[PDB]
Amino acid sequence: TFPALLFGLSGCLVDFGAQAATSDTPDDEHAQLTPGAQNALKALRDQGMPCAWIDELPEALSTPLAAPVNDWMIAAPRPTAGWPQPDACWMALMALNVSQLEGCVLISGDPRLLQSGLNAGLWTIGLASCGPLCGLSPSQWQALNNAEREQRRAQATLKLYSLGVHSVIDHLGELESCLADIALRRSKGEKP
Amino acid sequence: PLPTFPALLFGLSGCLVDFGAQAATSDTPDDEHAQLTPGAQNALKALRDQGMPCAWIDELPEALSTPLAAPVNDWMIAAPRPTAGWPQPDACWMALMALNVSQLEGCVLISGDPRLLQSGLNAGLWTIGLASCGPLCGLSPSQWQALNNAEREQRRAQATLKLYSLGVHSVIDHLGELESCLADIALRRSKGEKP
Ligand SMILES: [Mg+2]
């Protein structure tokens with residue numbers, strides 16, 4: 001079983017290309033859910049899956065960004081010790097009252113958040129298209145040719161695996177299958 | 001060389017001090033309960049000399065655990081009390097945070113209390129159980145010493161089986177065995193074993 005799923009906010013649930021930090025101003029476009037995020041969240045709410053979002057942006061920037069998910073998921077309490085310390089992830093799991101670490105998963109495209117999850121002892125899922133390793137807005141990503149999007153994904157994928165991340169997928173539309181494969185690995189005895 | 005340990009967590013009562021968890025028998029603090037458990041001075045010198053980050057964990061009221069921590073408070077951190085108590089992982093995670101631990105990997109909890117050990121297992125830690133001094137034995141030093149050898153062996157064996165049944169990783173008779181116990185866990189880790 002999965003006691004909880006933790007999600008990055010920007011460059012993960014919303015803000016494709018992690019553009020909200022790129023400015024000190026809020027921007028309406030950035031609160032858009034990333035490809036596959038809406039339906040992944042529908043499924044998680046229907047399942048009753050405990051979930052929380054995690055980010056390091058100032059509340060002024062993260063509040064408008066979280067609006068799309070605030071009906072699905074709490075903001076984890078911010079630690080005094082930030083990423084890559086494990087604290088953020090432990091405090092998220094604690095806010096969700098999880099009974100045990102085993103089976104908890106963090107999903108992000110940000111290496112600093114992913115490292116927090118790795119340090120904390122969670123399973124980790126990296127996102128290949130929408131995080132800061134790619135850093136392109138939706139319109140920018142769409143303007144590339146096929147070969148370019150492939151190159152960008154593959155490059156981010158290897159960077160993420162080099163961190164020690166357990167699985168990398170293109171987008172949150174792949175989350176369900178990704179989690180099912182972690183379940184199979186776990187049944188074979190794999191631990192984070 | 002073998003993998004190293006970044007931090008060690010210890011129960012206070014029935015583990016570092018208070019053989020037989022006798023602080024649970026009275027609301028007022030008893031100076032006799034602050035006696036360190038057999039082998040503790042030996043284990044703790046090695047750890048303190050090494051600069052091993054260590055914190056203690058308990059659930060007793062402050063009126064009791066503060067006096068109990070007297071023989072270790074020169075150097076060992078008191079873990080902050082969690083809102084959600086054992087067997088929730090919170091007590092152990094909060095202790096690791098208090099030690100500014102950078103990774104869960106290799107962290108160990110030592111206790112004879114099944115509820116605290118369960119917290120450590122839930123928190124994802126390595127666990128070492130104590131067969132003599134914890135609540136499953138629940139006898140004061142005088143009561144423990146009044147038994148015969150056979151009765152002490154029987155009680156250690158019973159506690160040892162219960163702790164392994166919980167899923168604890170290694171069980172030892174007392175803290176004098178901690179160094180060797182840790183060395184064998186490091187060897188297991190070197191062979192790819194995880195908690
Ligand atoms: Mg591909």
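Quick note on labels: first sequence line is chain A, next is B, and so on, each numbered from 1.
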Heavy-atom distance under 4.5 Å to chain B: side chain of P79(A), backbone, both or neither? neither
Would you indicate whether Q47(A), at its atom CD, is surrounded by more than 12 heavy atoms from other residues, nucleotides or ligands within a distance under 6.0 Å? yes
Report, as yes or no, whether the 6.0 Å neighbourhood of atom CD on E179(B) holds more than 12 heavy atoms from other residues, nucleotides or ligands. no
Could you check whether atom CD of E59(B) has more than 12 heavy atoms from other residues, nucleotides or ligands sitting under 6.0 Å from it? yes
Chain B heavy atoms under 4.5 Å from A120(A): which part of the residue, side chain, backbone, both or neither? backbone
Nearest 0.5 angstrom please: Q103(B) CD to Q115(A) CD, how far? 7.0 Å
Closest approach of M97(B) and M94(A), non-hydrogen atoms and distance? CE-SD, 4.0 Å
CG of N145(A): more than 12 outside heavy atoms within 6.0 angstrom? yes
Heavy-atom closest pair (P89(B) atom, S99(A) atom, distance to 0.1 Å) is CD-O, 3.7 Å
Assert top hit (heavy-atom pairs under 4.5 Å, partner chain A, pool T83(B), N100(B), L96(B), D90(B)) equals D90(B)
Within a radius of less than 6.0 Å around CG of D27(B), do more than 12 heavy atoms belonging to other residues, nucleotides or ligands occur? no
Any donor-acceptor N/O pair, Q88(B) side chain to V98(A) backbone, under 3.5 Å: yes
Counting only heavy atoms not in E29(A), do more than 12 sit closer than 6.0 Å to its CD atom? no
CG-CG distance between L121(B) and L101(A), expressed to the nearest 0.5 angstrom: 11.5 Å
